[PDB]
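J.: Pasting a structure below so you can have a look.
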Amino acid sequence: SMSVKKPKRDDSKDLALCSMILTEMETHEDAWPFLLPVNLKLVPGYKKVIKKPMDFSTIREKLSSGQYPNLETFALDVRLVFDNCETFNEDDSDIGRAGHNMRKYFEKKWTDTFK
């Protein structure tokens, strides 16, 4: 509350560490369904069903241009990529399995880097 603060967590390396994690996600072999925006002209149903499209390139541009106010808003967009994937793809498909694998990979890096 006013004039009463928890001790200050050092957040000065967060930008660089989020960038490193994003690089590791970009370079994973199962990243291919997530590197670019889904083409809304060529994939029937996507536009209407997926209210907030997200992909790694869009995350990378937001990161580089100071559009993440903190590391939680960054984690929300990453998770949004996998949540969208689960909404549109069967678990037993290549893309469905890719999503589950990438989410697991992300969550471990996140915990090891920050928790």
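The chains in the structure tokens are called A, B, ... from first to last as shown; in each chain the residues are counted from 1, and the ligands are counted from 1 in the order shown.
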Taking the chain letters and numbering used in this document, name the residues of chain A that DSSP puts in helix (DSSP H, G or I), as a ChimeraX atom specification.

T.: /A:14-27,29-34,46-49,56-64,71-88,94-114

J.: Let's have the selection written as a PDB file, in the first residue's frame, with C-alpha atoms.

T.:
```pdb
ATOM      1  CA  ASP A  14      14.089  -9.973 -17.968  1.00  0.00           C
ATOM      2  CA  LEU A  15      14.079  -8.599 -21.547  1.00  0.00           C
ATOM      3  CA  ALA A  16      17.219 -10.450 -22.501  1.00  0.00           C
ATOM      4  CA  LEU A  17      16.227 -13.689 -20.827  1.00  0.00           C
ATOM      5  CA  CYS A  18      12.695 -13.692 -22.470  1.00  0.00           C
ATOM      6  CA  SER A  19      14.552 -13.100 -25.848  1.00  0.00           C
ATOM      7  CA  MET A  20      16.771 -16.111 -25.174  1.00  0.00           C
ATOM      8  CA  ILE A  21      13.849 -18.331 -24.346  1.00  0.00           C
ATOM      9  CA  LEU A  22      12.014 -17.117 -27.492  1.00  0.00           C
ATOM     10  CA  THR A  23      15.145 -17.993 -29.551  1.00  0.00           C
ATOM     11  CA  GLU A  24      15.159 -21.519 -28.146  1.00  0.00           C
ATOM     12  CA  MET A  25      11.447 -21.844 -29.032  1.00  0.00           C
ATOM     13  CA  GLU A  26      12.070 -20.502 -32.588  1.00  0.00           C
ATOM     14  CA  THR A  27      14.836 -23.037 -33.199  1.00  0.00           C
ATOM     15  CA  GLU A  29      12.232 -28.691 -34.589  1.00  0.00           C
ATOM     16  CA  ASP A  30       8.522 -28.758 -33.667  1.00  0.00           C
ATOM     17  CA  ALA A  31       8.191 -24.918 -33.919  1.00  0.00           C
ATOM     18  CA  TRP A  32       7.098 -24.959 -37.628  1.00  0.00           C
ATOM     19  CA  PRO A  33       3.323 -24.648 -37.038  1.00  0.00           C
ATOM     20  CA  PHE A  34       3.932 -21.517 -34.869  1.00  0.00           C
ATOM     21  CA  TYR A  46      -9.712 -19.783 -38.334  1.00  0.00           C
ATOM     22  CA  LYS A  47     -10.764 -16.165 -38.439  1.00  0.00           C
ATOM     23  CA  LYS A  48     -14.190 -16.778 -36.838  1.00  0.00           C
ATOM     24  CA  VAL A  49     -13.188 -19.345 -34.301  1.00  0.00           C
ATOM     25  CA  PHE A  56       6.264 -16.526 -32.481  1.00  0.00           C
ATOM     26  CA  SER A  57       7.046 -13.829 -35.136  1.00  0.00           C
ATOM     27  CA  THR A  58       4.378 -11.560 -33.695  1.00  0.00           C
ATOM     28  CA  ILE A  59       5.739 -12.183 -30.185  1.00  0.00           C
ATOM     29  CA  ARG A  60       9.251 -11.418 -31.423  1.00  0.00           C
ATOM     30  CA  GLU A  61       8.152  -8.045 -32.971  1.00  0.00           C
ATOM     31  CA  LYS A  62       6.180  -7.057 -29.784  1.00  0.00           C
ATOM     32  CA  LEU A  63       9.288  -7.938 -27.661  1.00  0.00           C
ATOM     33  CA  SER A  64      11.762  -5.964 -29.777  1.00  0.00           C
ATOM     34  CA  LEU A  71       7.385 -10.810 -18.093  1.00  0.00           C
ATOM     35  CA  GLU A  72       3.781 -11.996 -17.335  1.00  0.00           C
ATOM     36  CA  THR A  73       2.318 -10.309 -20.394  1.00  0.00           C
ATOM     37  CA  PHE A  74       5.044 -12.125 -22.430  1.00  0.00           C
ATOM     38  CA  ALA A  75       4.085 -15.553 -20.902  1.00  0.00           C
ATOM     39  CA  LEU A  76       0.393 -14.879 -21.694  1.00  0.00           C
ATOM     40  CA  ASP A  77       1.071 -14.486 -25.455  1.00  0.00           C
ATOM     41  CA  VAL A  78       3.305 -17.577 -25.569  1.00  0.00           C
ATOM     42  CA  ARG A  79       0.545 -19.609 -23.780  1.00  0.00           C
ATOM     43  CA  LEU A  80      -2.072 -18.103 -26.157  1.00  0.00           C
ATOM     44  CA  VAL A  81      -0.173 -19.682 -29.097  1.00  0.00           C
ATOM     45  CA  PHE A  82      -0.694 -23.195 -27.502  1.00  0.00           C
ATOM     46  CA  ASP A  83      -4.239 -22.606 -26.327  1.00  0.00           C
ATOM     47  CA  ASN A  84      -5.191 -21.575 -29.862  1.00  0.00           C
ATOM     48  CA  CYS A  85      -3.434 -24.682 -31.204  1.00  0.00           C
ATOM     49  CA  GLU A  86      -5.529 -26.904 -28.861  1.00  0.00           C
ATOM     50  CA  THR A  87      -8.770 -25.144 -29.803  1.00  0.00           C
ATOM     51  CA  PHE A  88      -8.315 -25.836 -33.551  1.00  0.00           C
ATOM     52  CA  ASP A  94       1.116 -33.637 -36.064  1.00  0.00           C
ATOM     53  CA  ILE A  95       0.231 -30.014 -35.250  1.00  0.00           C
ATOM     54  CA  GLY A  96      -1.702 -31.058 -32.066  1.00  0.00           C
ATOM     55  CA  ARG A  97       1.300 -33.027 -30.789  1.00  0.00           C
ATOM     56  CA  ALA A  98       3.669 -30.162 -31.705  1.00  0.00           C
ATOM     57  CA  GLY A  99       1.629 -27.805 -29.542  1.00  0.00           C
ATOM     58  CA  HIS A 100       1.738 -30.106 -26.513  1.00  0.00           C
ATOM     59  CA  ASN A 101       5.514 -30.628 -26.931  1.00  0.00           C
ATOM     60  CA  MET A 102       6.280 -26.853 -27.289  1.00  0.00           C
ATOM     61  CA  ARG A 103       4.160 -25.953 -24.279  1.00  0.00           C
ATOM     62  CA  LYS A 104       6.065 -28.482 -22.151  1.00  0.00           C
ATOM     63  CA  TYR A 105       9.390 -27.160 -23.422  1.00  0.00           C
ATOM     64  CA  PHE A 106       8.354 -23.510 -22.734  1.00  0.00           C
ATOM     65  CA  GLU A 107       7.084 -24.165 -19.215  1.00  0.00           C
ATOM     66  CA  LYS A 108      10.301 -25.849 -18.131  1.00  0.00           C
ATOM     67  CA  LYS A 109      12.496 -23.026 -19.445  1.00  0.00           C
ATOM     68  CA  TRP A 110      10.192 -20.504 -17.736  1.00  0.00           C
ATOM     69  CA  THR A 111      10.348 -22.272 -14.341  1.00  0.00           C
ATOM     70  CA  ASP A 112      14.128 -22.811 -14.533  1.00  0.00           C
ATOM     71  CA  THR A 113      14.835 -19.193 -15.576  1.00  0.00           C
ATOM     72  CA  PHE A 114      12.419 -17.316 -13.251  1.00  0.00           C
TER      73      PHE A 114
END
```

J.: For CA of residue 90 in chain A and CA of residue 41 in chain A, determine how far apart the two atoms are, in Å to one decimal place.

T.: 21.2 Å

J.: Under the rule that only C-alpha atoms are counted, which of A:9, A:53, A:66, A:89 is the nearest residue to residue 37 in chain A?

T.: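 For residue 37 in chain A, the nearest of the given residues is A:53.
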
J.: Please measure the separation of CA of residue 55 in chain A and CA of residue 28 in chain A, giving the value in Å to one decimal.

T.: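 Between CA of residue 55 in chain A and CA of residue 28 in chain A the gap is 14.2 Å.
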